[PDB]
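J.: Protein chains in written order, with full-length UniProt numbering: chain C, 649 to 745; chain H, 600 to 611, 626 to 648; chain G, 843 to 939; chain Z, 7 to 377; chain A, 7 to 377; chain S, 7 to 377; chain B, 940 to 949, 971 to 983. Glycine included, each C-beta is placed from N, C-alpha and C at the ideal position. This is the structure, below, for whatever I ask next.
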Amino acid sequence: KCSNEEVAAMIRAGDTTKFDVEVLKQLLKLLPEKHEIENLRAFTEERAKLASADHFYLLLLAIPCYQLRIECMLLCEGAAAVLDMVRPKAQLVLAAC
Amino acid sequence: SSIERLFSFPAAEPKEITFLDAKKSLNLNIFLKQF
Amino acid sequence: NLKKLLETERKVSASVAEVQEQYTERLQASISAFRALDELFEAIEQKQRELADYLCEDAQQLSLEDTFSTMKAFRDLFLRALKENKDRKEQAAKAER
Amino acid sequence: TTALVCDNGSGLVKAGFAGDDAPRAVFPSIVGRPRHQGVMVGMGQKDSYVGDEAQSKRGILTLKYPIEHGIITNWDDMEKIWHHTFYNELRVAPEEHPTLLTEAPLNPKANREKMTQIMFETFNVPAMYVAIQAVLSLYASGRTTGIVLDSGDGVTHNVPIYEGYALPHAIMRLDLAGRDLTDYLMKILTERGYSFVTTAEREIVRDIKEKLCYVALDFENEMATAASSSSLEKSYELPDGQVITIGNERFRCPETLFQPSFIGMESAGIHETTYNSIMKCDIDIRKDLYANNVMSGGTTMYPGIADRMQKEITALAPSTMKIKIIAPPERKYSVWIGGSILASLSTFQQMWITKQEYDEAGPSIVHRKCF
Amino acid sequence: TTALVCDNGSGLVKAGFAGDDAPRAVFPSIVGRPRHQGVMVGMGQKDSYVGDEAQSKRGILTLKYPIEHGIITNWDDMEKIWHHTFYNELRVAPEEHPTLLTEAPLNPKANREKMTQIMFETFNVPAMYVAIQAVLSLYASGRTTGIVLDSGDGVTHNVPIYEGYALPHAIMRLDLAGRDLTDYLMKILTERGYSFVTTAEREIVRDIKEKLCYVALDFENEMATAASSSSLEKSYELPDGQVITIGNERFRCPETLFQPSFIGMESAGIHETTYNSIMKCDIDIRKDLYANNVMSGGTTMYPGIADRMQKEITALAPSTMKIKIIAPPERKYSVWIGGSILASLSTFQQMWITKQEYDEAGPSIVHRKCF
Amino acid sequence: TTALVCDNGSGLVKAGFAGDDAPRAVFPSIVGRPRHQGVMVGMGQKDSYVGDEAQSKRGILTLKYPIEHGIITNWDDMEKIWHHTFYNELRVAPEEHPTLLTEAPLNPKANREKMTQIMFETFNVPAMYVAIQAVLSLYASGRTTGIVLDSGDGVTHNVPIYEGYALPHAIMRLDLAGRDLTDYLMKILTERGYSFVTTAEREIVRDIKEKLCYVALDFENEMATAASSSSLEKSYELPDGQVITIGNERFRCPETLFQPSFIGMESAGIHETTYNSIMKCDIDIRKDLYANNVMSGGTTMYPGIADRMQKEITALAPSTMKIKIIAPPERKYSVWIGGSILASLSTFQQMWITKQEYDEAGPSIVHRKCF
Amino acid sequence: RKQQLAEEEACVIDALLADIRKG
Ligand SMILES: Nc1ncnc2c1ncn2[C@@H]1O[C@H](COP(=O)(O)OP(=O)(O)O)[C@@H](O)[C@H]1O
Ligand SMILES: Nc1ncnc2c1ncn2[C@@H]1O[C@H](COP(=O)(O)OP(=O)(O)O)[C@@H](O)[C@H]1O
Ligand SMILES: Nc1ncnc2c1ncn2[C@@H]1O[C@H](COP(=O)(O)OP(=O)(O)O)[C@@H](O)[C@H]1O
Ligand SMILES: [Mg+2]
Ligand SMILES: [Mg+2]
Ligand SMILES: [Mg+2]
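Now the structure itself:
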């Protein structure tokens, strides 16, 4: 429910308010391929004529090394969820023993 | 003593004369019941 | 999760500094928390071996989940026996009354 | 040994012996407790009042109903109900008399557990059984096939039976009956100016509902008739001497049975419950269900309900069927009466749950013996 | 054309235009009549006094409240109240201003009939509408879902709304508020030696209740604290110059809201009323209801009531819910302030009851048009 | 042009494109309408909620399922379901996209007529096909031969195929699946005390069934184990904060698939249906139906069902021959997945029902072009 | 739909909040 520039700037900022596990999993499943990137850097003409799909990928490729940022953001959220579900259970098992 | 007390094995009308058979009499008694 | 976080830390440490200044503190906190969880699991192993020597089972054959399910069902049987004995004493009291 | 039938209704307890036509003790099931400060010492000031004593002294008592929608919530109060109906009303020892008890279908099982445990250890009978009310209403009807709508004070349930065979998948339960009608009458009597808030005034609102209300044949025509002219308005005298007059509330109150959305329930009416319980059965018995609509309970005692019920089913059923509502003039005590024939049946004597079977099998044989 | 909002509460008339923080006329709804022999001639002697004029000369007047528990008894006095709040307090003609009026739920319909007839025939308007106070309170809270406890001077009512959908079966009314607390404070101020019997002294007892009283967090601990040491005792000065000091009566008076048996009434407290109004709703929305409790009215202006109500509901609710109670400092006039919300709404312009619709339909369209 | 797959089952609409792994729009098929009185005005109160909005706002809604046992009863509701799954979920134009719909076998023909007519005249496509779900499940399994047991929310159907050849006389339909399991679980959760009567509470009972229930390997031993000790009992948290704990109802509820007499149905279980479907075929293929028992649908997602049905068929089949259940980990969405391979197949492009052929042949080509 | 395809290719809140500060 927002422009693509807000999405790209929020991926660059790494703010984790409304980026949960499933949205970043979808984002990883739609990753820009090699021929797609090679076609996008070969574009010389006016930017506004292309679709929003190319606009999102160029705003994403403007960020240096986007894929590591997306993966560690997903892994940090997943590691927080795994810690919050396992650590009281492990303390309960140790207290039970 | 209470365990031995509890958990031990234990030591080992006038006759209704009728000329009808039973089935017709009971079918009529069912039939006259709903009135 | 700890293997993925260690691989992620190695990938961020080979990357540019803009990834590093934003993400290395969260990666280090997650790795330290999961390491403390791993010594917590090692403490659970030590209490498991002490419980196997306690209950006189084999150390490789004892299942903690079966033991805790046995304790849960035994506690339910304990509470059911307590309530049934309390009701029997109450019904004997009202019968005497 | 003479048997006991004790219909523990949500609003009225009806208890009595076997082989009798009229129930011996019909009295409301309420436990009263005083809420004010007693200043006169002595003269037998009881801490609780049960039955008609709670009714006569209701102006200084908080009255509690121990049964809500067929499920007993407070159990010490219901023990006091059983103690009053055994020792004071019928004046019999429970330990020398078998006692058939009634039940709504689709009741929680722990209710049946606690009733079995209380009737075998507190008031320890030789034998007791937990029956179904609609089967007793079909017993009192005298026929064998039919669908029974039983509407009491808490539970309206529909059970269809063909040739002595109930269909348990077709049994339907609705938690809408005379207490909900009384509370809806409280909500709509505030419109004319009369305020009733306490539980003492619940008996007054229930008495107004019993005396004056009736079921409309057509709802919209009766609303137009009451709105146009004040001929349907009728009067009643309160115990403090005030005279009230009511109009459309004579037939807005029992209309909640046909239209549950007055009291905010998603369910359909009793006619649609009856029609769906008919259509949940197998096909070949359905005609035999249409001519034997048995209606029981005190909620179906308004003097307009049989014609409306026939009209609604005749609208719902196909036109080649003779709809016949079996609404007897003494349908208020038919559950107790069919309990009295069932308790006096010679073949029923082998189906009792005995004391010895309870001691062998715990309080769990009542799931494995009763239905 | 700006609209009018006129909350005609049991205690205080709050009137004004659309879109203000404070109502423009806040004054108690009293009509004063003289009870002594007027020996001086002339000097502007009036047969009646309305509002703060009756408050100023209250020593030589008998004050009458025309509204009692949300139901207007004396109607000529109510017409004098409306004539004073139109022509003197606001100084505007009623023939050129639409007027939104508030109403307690479960009000008798003849009260609505008579206010519609008087507002269309004595102070004849372009339009008028009759609204529910709790809906305006939820408007002033700035949210859509939640349960509202309104508590004015005669009526305390609980209304739960989810996504703009009120549940009419879950609306509860309790006739216990600040007038009953003022009468209870008259009853318990007699213990310390202070007598207040007249209607003019009701204003002094109400001023003592407004200024000094507060809600205790724990009742028995505060009884022990007040009985042990006199740290909780506070002083007040009467207009004749006398000095009074009160102790436990600072927190015995509002406790009747949390314990209605002090003034002898069977129904439960406001937190049990809130909890039972929550559990009468459907099961999915209750988690939204527990975090969106709203209090309005002047009776919830004691500075201990939110923590006590949080403690009581957290005792009542299961432990996995966050009991959040919205208690704004502006909640004394929020019933009016949401009336500023609704009258200014563009979607409300088609729901007013105009003059012409009254002319065909009589004074009966207000039932079918309003709630 | 890419194609659309839309498994429009009784419970959950699963729709997405062709060539994709997972169905993008998975949402339950319900139309929700409000049943209370809305007092707030403005801010967009819709009269009908479809999809996840009906799930989120279910505490004020009556939810209607437009599909019952694979037969669409209410067609305007199904029109709104298709409108929501095209315009709002996938955000696509159906006028430029082919569409493969799923259908249970032994369906009434006028249902297929109305699917063709509404799909070609309201959401008019270039092309559309109606397929059998078991054929798509065999497409997902990646094999040519096998017997497929599909069990959605309304229909459990068995279809055997050998070397591309379905045997139509061996196809069997049973109207028993997860909705009947949900209704039986609503019937049997009343035993433990938990009452669920509304359509919103059906979703909570469905969530209980999805989260906790499992298929027993041996029913009588599991009943004895649950009766002996409370190790099989498990707890669940309701949205109102109450915590329930259930026992034998975890495995009594899915046992209705193997024992249809629990809900009063005369027909045999799914294992006898599978064995009779194999035995109705010709003899030489029967061995190849024993090793390729393909399962699909969300009803076969309990984590005890493959070993149980292997045990039942191994008891039923001759012992000199291997039984092998093909139970993929993604068998919930396998109808959609095999629709995605079939929509992406090059040879399927001649089997479309184009708009020109529909205009020439009326709505009658779907009997002769489809199965 | 064809003529539609032919023809194509071709505040309450701040108002009340300002005046609440007047009392
Ligand atoms: N004459 C009457 N007209 C209408 N309703 C009545 C009448 N008499 C009793 N009732 C209602 O019927 C209820 C009694 O029903 P009852 O036969 O005791 O059923 P149950 O045994 O299931 O409670 C009472 O609560 C009362 O409200
Ligand atoms: N600050 C306060 N502390 C305690 N009680 C108050 C306070 N202000 C007002 N009250 C009491 O709350 C009651 C309700 O006020 P209000 O809702 O304005 O009455 P109404 O609108 O019905 O005339 C008043 O009768 C008053 O006695
Ligand atoms: N994980 C699960 N475990 C058990 N039952 C499930 C699970 N997921 C879904 N179900 C049941 O299976 C049904 C889903 O099957 P599906 O073929 O999607 O139905 P439909 O397509 O008719 O909506 C649901 O109605 C649900 O009751
Ligand atoms: Mg009864
Ligand atoms: Mg008020
Ligand atoms: Mg399906």
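Interface residues of chain A around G57 (chain S) at Cβ under 8 Å?
T.: To locate residue 57 (chain S), count along the sixth sequence from 1; it is residue 51. Here the premise fails: no neighbours, minimum Cβ distance about 16 Å.
J.: Relative to the C-alpha of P266 (chain Z), which candidate in A:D53, A:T162, A:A28 and A:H175 has its C-alpha closest?
T.: Looking up residue 266 (chain Z) in the fourth sequence gives position 260. Closest option to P266 (chain Z), Cα to Cα, is A:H175.
J.: The beta strand (DSSP E) that contains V19 (chain Z), what's its start and end?
T.: Taking the first residue of the fourth sequence as 1, we reach residue 19 (chain Z) at position 13. It spans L18 to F23 - the beta strand (DSSP E) in which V19 (chain Z) sits, taken as one unbroken run.
J.: Does DSSP put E109 (chain A) in a helix, in a strand, or in coil?
T.: For the purposes of this step, residue 109 (chain A) is taken as the residue at position 103 of the fifth sequence. Here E109 (chain A) sits in strand by DSSP.
J.: Tell me where the beta strand (DSSP E) around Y93 (chain Z) begins and ends.
T.: If you number the fourth sequence from 1, residue 93 (chain Z) lands on position 87. Looking at the DSSP string, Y93 (chain Z) is not in any beta strand (DSSP E), and its letter there is neither H nor E.
J.: Can you name the start and end residues of the alpha helix (DSSP H) that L295 (chain S) belongs to?
T.: Taking the sixth sequence and counting its residues from 1, one reaches residue 295 (chain S) at position 289. Where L295 (chain S) is concerned, the enclosing alpha helix (DSSP H) stretches over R292 to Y296.
J.: What do you reckon, is the C-beta of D159 (chain A) under 6 Å from a heavy atom of ligand 2?
T.: The residue given as residue 159 (chain A) occupies position 153 in the fifth sequence. Yes; taking the cut-off as 6 Å, the Cβ of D159 (chain A) has a heavy atom of ligand 2 nearer than that.
J.: For ligand 3, I want to know if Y308 (chain S) counts as a neighbour, meaning its beta carbon is within less than 6 Å of at least one of the ligand's heavy atoms.
T.: As a position in the sixth sequence, residue 308 (chain S) is number 302, starting the count at 1. It does: the Cβ of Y308 (chain S) is within 6 Å (strictly closer) of some heavy atom of ligand 3.
J.: Cβ closer than 8 Å: which chain S residues qualify as neighbours of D288 (chain A)?
T.: Position 282 of the fifth sequence holds residue 288 (chain A). Simply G65, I66, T204 and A206.
J.: Say whether chain S places a C-beta atom closer than 7 Å to the C-beta of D918 (chain G).
T.: For the purposes of this step, residue 918 (chain G) is taken as the residue at position 76 of the third sequence. Output row for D918 (chain G): interface = yes.
J.: Looking at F354 (chain A) and residue 2 (chain S), is the spacing between their C-beta atoms short of 7 Å?
T.: Past the boundaries of the shown model lies residue 2 (chain S); chain S is included only from 7 to 377, so the question cannot be answered.
J.: Grab the span of the alpha helix (DSSP H) containing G184 (chain Z) for me, first residue to last.
T.: The residue given as residue 184 (chain Z) occupies position 178 in the fourth sequence. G184 (chain Z) -> alpha helix (DSSP H) spans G184 to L195.
J.: Interface residues of chain S around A915 (chain G) at Cβ under 7 Å?
T.: Against the third sequence, residue 915 (chain G) aligns to sequence position 73. Neighbours of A915 (chain G) on chain S, chain order: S235, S236 and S237.
J.: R256 (chain A) lies in the beta strand (DSSP E); which residues open and close that run?
T.: For the purposes of this step, residue 256 (chain A) is taken as the residue at position 250 of the fifth sequence. Unbroken run through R256 (chain A) is the alpha helix (DSSP H), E255 to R258; no beta strand (DSSP E).
J.: Between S16 (chain Z) and ligand 1, is there a pair consisting of the residue's CB and a ligand heavy atom that are separated by less than 6 Å?
T.: Within the fourth sequence, numbered from 1, the residue matching residue 16 (chain Z) stands at position 10. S16 (chain Z): yes, Cβ under 6 Å from ligand 1.
J.: Does the beta carbon of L112 (chain Z) sit closer than 7 Å to a beta carbon anywhere in chain S?
T.: The count along the fourth sequence starts at 1 and reaches residue 112 (chain Z) at position 106. True, the Cβ-Cβ gap to chain S drops below 7 Å.
J.: Can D13 (chain S) be considered in contact with ligand 6, in the sense that its beta carbon sits closer than 6 Å to one or more heavy atoms?
T.: As a working note, residue 13 (chain S) is residue 7 in the sixth sequence. Indeed, a heavy atom of ligand 6 lies less than 6 Å from the Cβ.
J.: Cβ-heavy atom distance between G303 (chain A) and ligand 2 below 6 Å?
T.: Stepping through the fifth sequence from its first residue, residue 303 (chain A) is reached at position 297. Yes; taking the cut-off as 6 Å, the Cβ of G303 (chain A) has a heavy atom of ligand 2 nearer than that.
J.: For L731 (chain C), which of helix, strand or coil comes out of DSSP?
T.: By 1-based counting over the first sequence, the position of residue 731 (chain C) is 83. Three-state DSSP puts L731 (chain C) in a helix.
J.: Would the region 112-125 of chain Z count as touching the region 70-84 of chain Z if we require 3 or more Cβ pairs under 8 Å?
T.: yes
J.: Between Z:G158, Z:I347, Z:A222 and Z:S157, which lies nearest to residue 437 (chain Z) when the distance is taken from Cα to Cα?
T.: A query on residue 437 (chain Z) cannot be resolved here, the shown segment of chain Z reaching from 7 to 377 and no further.
J.: When you compare only the Cα positions, how much space is there between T196 (chain S) and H75 (chain Z)?
T.: Position 190 of the sixth sequence, counted from the first residue, corresponds to residue 196 (chain S). Position 69 of the fourth sequence, counted from the first residue, corresponds to residue 75 (chain Z). Near 13 Å, if we compare the C-alpha coordinates of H75 (chain Z) and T196 (chain S).
J.: Given that a residue counts as buried once 16 or more other Cβ atoms are within 10 Å of its Cβ, and exposed if not, what is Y896 (chain G)?
T.: Numbered from its first residue, the third sequence carries residue 896 (chain G) at position 54. By the Cβ-count criterion, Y896 (chain G) is exposed, with fewer than 16 other Cβ atoms from all chains shown falling within 10 Å of its own Cβ.
J.: Does at least one heavy atom of ligand 2 sit under 6 Å from the Cβ of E216 (chain A)?
T.: By one-based count along the fifth sequence, residue 216 (chain A) stands at place 210. Checking every heavy atom of ligand 2 against the Cβ of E216 (chain A), one is found closer than 6 Å.
J.: Looking at chain G, which residues of the region 290-307 of chain Z have a Cβ within less than 9 Å of any of its Cβ atoms?
T.: none
J.: Assess, as a yes-or-no matter, whether the region 361-374 of chain A is touched by the region 56-68 of chain A under the definition of 3 or more beta carbon pairs within less than 8 Å.
T.: no
J.: What separation, rounded to the nearest whole angstrom, lies between the Cα atoms of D13 (chain S) and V19 (chain S)?
T.: Stepping through the sixth sequence from its first residue, residue 13 (chain S) is reached at position 7. Stepping through the sixth sequence from its first residue, residue 19 (chain S) is reached at position 13. Each residue's alpha carbon lies about 6 Å from the other.
J.: What's the call for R256 (chain Z), buried or exposed, on a 16-neighbour Cβ count within 10 Å?
T.: Here residue 256 (chain Z) is taken as the residue at index 250 of the fourth sequence, counted from 1. Its Cβ being crowded by 16 or more others within 10 Å, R256 (chain Z) is buried.
J.: What do you get for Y171 (chain S), buried or exposed, if any count of 16 or more other CB atoms within 10 angstroms of its CB means buried?
T.: Looking up residue 171 (chain S) in the sixth sequence gives position 165. Classification of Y171 (chain S): exposed, given that the 10 Å Cβ count is below 16.
J.: If I'm right that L847 (chain G) touches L869 (chain G) with Cβ under 8 Å, what's the distance once you round it to whole angstroms?
T.: Residue 847 (chain G) sits at position 5 when you count from the first residue of the third sequence. Residue 869 (chain G) sits at position 27 when you count from the first residue of the third sequence. Confirmed, about 6 Å.
J.: My assumption, with CB atoms under 8 Å, is that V154 (chain Z) sits in contact with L144 (chain Z). Please give the rounded CB distance.
T.: For the purposes of this step, residue 154 (chain Z) is identified with residue 148 of the fourth sequence, where counting begins at 1. For the purposes of this step, residue 144 (chain Z) is identified with residue 138 of the fourth sequence, where counting begins at 1. Contact flag correct, Cβ pair sits at about 5 Å.
J.: Quick one: grab the DSSP three-state call for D156 (chain S).
T.: By 1-based counting over the sixth sequence, the position of residue 156 (chain S) is 150. Correct three-state label for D156 (chain S): strand.
J.: What residues from chain B crowd round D26 (chain A), counting only those whose CB sits closer than 8 Å?
T.: For the purposes of this step, residue 26 (chain A) is taken as residue 20 along the fifth sequence, with counting starting at 1. Those are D979, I980, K982 and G983, listed as they occur along chain B.
J.: Alpha carbon to alpha carbon, what distance is there between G253 (chain A) and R337 (chain A)?
T.: In the fifth sequence, counting from the first residue as 1, residue 337 (chain A) sits at position 331. In the fifth sequence, counting from the first residue as 1, residue 253 (chain A) sits at position 247. Straight-line Cα distance between these residues: approximately 27 Å.
J.: Give me the Cα-Cα distance between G50 (chain S) and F377 (chain A), rounded to the nearest whole angstrom.
T.: Start at 1 with the first residue of the sixth sequence, and residue 50 (chain S) comes out as number 44. Start at 1 with the first residue of the fifth sequence, and residue 377 (chain A) comes out as number 371. Answer to the nearest angstrom: the Cα atoms are 20 Å apart.
J.: At least one CB of chain H closer than 7 Å to the CB of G148 (chain Z): is that the case?
T.: On the fourth sequence, residue 148 (chain Z) is found 142 positions in, with the first residue counted as 1. For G148 (chain Z), the answer is yes, since a Cβ of chain H falls inside 7 Å of its Cβ.
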